[PDB]
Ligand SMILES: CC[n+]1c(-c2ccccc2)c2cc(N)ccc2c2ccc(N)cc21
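Shown next as structure tokens: one chain only, the form deposited without the ligand.
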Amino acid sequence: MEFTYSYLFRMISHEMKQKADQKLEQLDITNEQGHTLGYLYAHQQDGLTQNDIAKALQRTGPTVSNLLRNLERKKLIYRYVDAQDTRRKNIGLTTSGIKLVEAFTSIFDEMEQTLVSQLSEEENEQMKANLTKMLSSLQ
């Protein structure tokens, strides 16, 4: 009983996407909001402004601003005085903002771990190398 790669990949992709989507709906955030909060989670130590976020997210002014205004309304982010330079304000995560990205991250992380656990360190390595080769041919 042998199945095509198409079938197997499609089944796996559908099972994982449904799992991810089912959980994102629970968090009431998008992948755009997730990646935004994520970039903050990762780089807010650098002292981020709206311009920095815009340059990073490849998004326009008011769109970034609407995205930011929505996130601040949900008390997920806040603005604060820069310690190095009091004259300016930076954007940072709230406590609830941090818990959200971590939950957001865990969803994709636990899904990865569940799969990684099934194979050895070399089997995982070989697998990804092979998935990479196949995808590359598909272009």
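Residues carry their position along the shown sequence, with the first being 1.
Note to self: Per the record, averaged over C-alpha atoms, which has the higher B-factor: 80-88 or 52-60?
What the structure shows: It is 52-60.
Check: If you average the CA temperature factors over each stretch, which comes out higher, 100-108 or 62-70?
Finding: Stretch with the higher mean C-alpha B-factor: 62-70.
Notebook entry, point to check: What third of its chain, lowest, middle or highest, does the C-alpha temperature factor of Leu8 fall into?
Noted result: It falls in the bottom third of the chain.
Check: By its CA B factor, does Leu119 count among the lowest, middle or highest third of the modelled residues in the chain?
Finding: Its C-alpha B-factor belongs to the highest third of this chain's values.
Check: With respect to C-alpha B-factor, does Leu93 fall in the lowest, middle or highest third of the chain as deposited?
Finding: Its C-alpha B-factor, which the entry lists for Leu93, ranks in the lowest third among residues of this chain.
Next item on the list: Could you look up the Cα B-factor of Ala42 in the entry and say which third of the chain it sits in: lowest, middle or highest?
Entry: Middle third, going by the recorded CA B-factors of the chain.
What comes next is about the form solved in complex with the ligand, which does not appear here.
Next item on the list: Quick one: borrow the ligand from its position in the deposited bound form, overlay the C-alphas round the pocket, and report open or blocked for the shown form (blocked = 3+ atoms within 2.4 Å of backbone or C-beta).
Entry: Site status blocked, 3 or more atoms under the 2.4 Å cut.
Notebook entry, point to check: Quick one: is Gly92 in contact with the ligand in the deposited bound form, heavy atoms, 4.5 Å cut-off?
Noted result: Although the ligand is absent here, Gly92 would stay clear of it in the deposited bound form, with no heavy atoms inside 4.5 Å.
Checklist line | 4.5 Å heavy atom contact, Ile77 and the ligand in the deposited bound form | finding: Contact with the ligand, no.
Notebook entry, point to check: Should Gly97 be classed as touching the ligand in the deposited bound form when contacts are defined as heavy atoms within 4.5 Å?
Noted result: No, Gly97 stays farther than 4.5 Å from the ligand in the deposited bound form.
Next item on the list: With heavy atoms only and a cut-off of 4.5 Å, decide whether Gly38 touches the ligand in the deposited bound form.
Entry: So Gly38 counts as contacting the ligand.
Note to self: Counting any non-hydrogen atom inside 4.5 Å, which residue from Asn31, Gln26, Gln84, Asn51 sits next to the ligand in the deposited bound form?
What the structure shows: That would be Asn31.
Next item on the list: Let me know which residues along 103-117 have a heavy atom within 4.5 Å of the ligand in the deposited bound form, or say none if there are none.
Entry: Only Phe104 sits within 4.5 Å of the partner.
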